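Worksheet: one structure, shown below.
Because the Cβ atoms are built from the backbone with ideal geometry, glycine has one as well, and the counts that use them run over all protein chains shown. Please treat every number below as a calculation from the coordinates, not as lab data.
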Amino acid sequence: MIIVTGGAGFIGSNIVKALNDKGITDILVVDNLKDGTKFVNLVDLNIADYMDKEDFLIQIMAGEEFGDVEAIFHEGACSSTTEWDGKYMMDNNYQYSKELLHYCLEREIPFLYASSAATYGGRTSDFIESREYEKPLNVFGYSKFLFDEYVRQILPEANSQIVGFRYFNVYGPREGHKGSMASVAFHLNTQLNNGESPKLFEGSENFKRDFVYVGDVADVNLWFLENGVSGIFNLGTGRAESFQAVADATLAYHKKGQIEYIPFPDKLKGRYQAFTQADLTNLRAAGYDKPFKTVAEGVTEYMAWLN
Ligand SMILES: NC(=O)c1ccc[n+]([C@@H]2O[C@H](COP(=O)([O-])OP(=O)(O)OC[C@H]3O[C@@H](n4cnc5c(N)ncnc54)[C@H](OP(=O)(O)O)[C@@H]3O)[C@@H](O)[C@H]2O)c1
Ligand SMILES: Nc1ncnc2c1ncn2[C@@H]1O[C@H](COP(=O)(O)OP(=O)(O)O[C@@H]2O[C@H](CO)[C@@H](O)[C@H](O)[C@@H]2O)[C@@H](O)[C@H]1O
């Protein structure tokens, strides 16, 4: 069996789908369904069982066996960059991930987890997977950073696979529950379908991100499970594109709309990455040689799915 935490969430449900496509259905999903609308992310998929994140943690820490576990994809986390309860954040993200890591380590279970490009903080180049390039701008980012640092202390003596994926700006199907944390592409689609003006933050001209399609993210995850390589790896296209480019691809699909620029949100000031671009050197050197969908490709495919 395979365990996917955050499996009812965006990236996690996409990993579940990718597993299904390879004929794998013996899957335990661990998540938090408090927001019950997330069920749609699993409704068309095939899994073996569901467990709440709190029950899972209790059983993990008690040393319960879940069967013959082939791997844990740990996508489960508080994913909100605007959540400032750091007690909860360090607990639900950092500490939770440590407990799971040690559980897998004791049993030689491959452990593939979610990092974040938020760890890089404010930066105009050299998004490289090393401590000197890392300086997160929020506590979410810190929770991710500190766990990556913890993993680095553990790697040299791990006897089983440990892989962290430093996701950049992931977008695509199954993120409709994320609200304000959903991709700009999703927000633009929603706005256009509601007869509202599509909205970008003021200054978005000069804002760029490495937007990466969730389908590719899932593919990378499965490739690493198949190939057994350990480490911490950037996961993006390696190309930075403006939010305008995402808007252009979205408006082109809808064949209507005019971007309205809104005030830059106050709670994001001093907390915002104006630029990201994955350096894929280490990812390629690991053996992952597949191309990534561009914004034009991915967003167009995404809009077709959404509509
Ligand atoms: N999507 C992106 O652009 C992006 C970029 C970089 C990194 N990431 C990371 O990738 C992972 C998945 O992101 P996502 O976009 O899929 O977000 P998501 O849709 O919110 O998926 C996370 C899911 O996990 C649940 N959860 C929270 N803590 C958990 C835990 N300890 N164990 C199991 N489940 C838990 C969440 O519920 P509750 O929060 O309500 O408890 C939510 O349903 C996260 O670690 C996120 O930080 C995502
Ligand atoms: N330029 C522009 N225009 C309109 N809306 C924008 C925008 N930039 C960002 N947004 C919206 O605000 C949400 C939060 O901004 P960020 O703090 O920069 O969050 P991210 O863009 O990095 O997206 C988050 O990434 C982390 C991974 O690090 C995930 O865990 C989160 O779930 C988010 O996906 C944006 O979501 C956007 O809607």
> What is the Cα radius of gyration of the chain over 2.2 N^0.38 Å, N being its residue count?
Replying inline: 0.96
> Counting DSSP beta bridges in the chain, what percent are antiparallel, to the nearest 5?
Replying inline: 5 percent
> Amide H neighbours of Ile232 under 5 Å, counting only residues 5+ apart in sequence or on other chains, H built in-plane at 1.01 Å?
Replying inline: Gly164
>> Please compute the modelled spin-label separation between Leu33 and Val69, points set 7 Å along Cα→Cβ, answer in nm with one decimal.
In response: 2.0 nm
>> Please compute the modelled spin-label separation between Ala48 and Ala252, points set 7 Å along Cα→Cβ, answer in nm with one decimal.
In response: 4.4 nm
> Check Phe275: other-chain or 5+ apart residues with amide H under 5 Å from its amide H, H built from backbone geometry?
Replying inline: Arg123, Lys208
>> For the pairs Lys256/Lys293; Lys208/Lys290; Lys34/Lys199; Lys17/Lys38; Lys53/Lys98; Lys38/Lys178, flag any whose C-alpha to C-alpha distance is greater than 18 Å.
In response: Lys256/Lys293; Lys208/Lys290; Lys34/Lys199
> Considering only DSSP states other than H, G, I, E and B, which trypsin sites (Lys or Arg not before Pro) in region 263-307 qualify as loop sites with at most 11 other Cβ atoms within 10 Å?
Replying inline: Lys269
>> What does the extension gain come out to for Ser197 and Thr281, with contour length at 0.36 nm per residue minus their alpha carbon separation?
In response: 26.3 nm
> Relative contact order of region 98-223: what whole-number percent is it, with Cα pairs under 8 angstrom and at least 6 residues apart?
Replying inline: 25 percent
> For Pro110, what charge total do you get from the other residues with a beta carbon under 14 Å from its beta carbon, if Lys and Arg give +1 and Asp and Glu give -1?
Replying inline: -4
>> What are the ³J(HN,Hα) couplings of region 292-298, residue after residue, when phi is run through the Karplus curve with 6.51, -1.76, 1.60 and θ = phi - 60°? Round to Hz, x for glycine and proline.
In response: 10, 4, 6, 4, 4, 5, x
>> Test of understanding: in a Gaussian network model of the chain with alpha carbons linked when under 10 Å, which of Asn20, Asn92, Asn193 would top the mean-square fluctuation ranking?
In response: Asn193
>> If neighbour count is taken as other Cβ atoms inside 10 Å, put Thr25, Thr237 in order from fewest to most.
In response: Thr25, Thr237
> Once label points are set 7 Å from the Cα along Cα→Cβ at both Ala62 and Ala182, what is their separation, rounded to one decimal in nm?
Replying inline: 3.8 nm
> Which Rg and Dmax, in Å, describe the Cα atoms of region 1-136?
Replying inline: 15.7, 46
> Do any trypsin sites (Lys or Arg not before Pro) in region 227-257 lie in a loop, going by DSSP, with at most 12 other beta-carbon atoms within 10 Å of their beta carbon, and if so which?
Replying inline: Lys255, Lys256
>> Check which residues have an amide H placed less than 5 Å from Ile27's amide H, if you skip close sequence neighbours.
In response: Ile2, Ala48, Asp49
> Are there GluC sites (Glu not before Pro) in region 7-70 that DSSP puts in a loop and that have at most 16 other Cβ atoms within 10 Å, and which ones?
Replying inline: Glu64, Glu65, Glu70
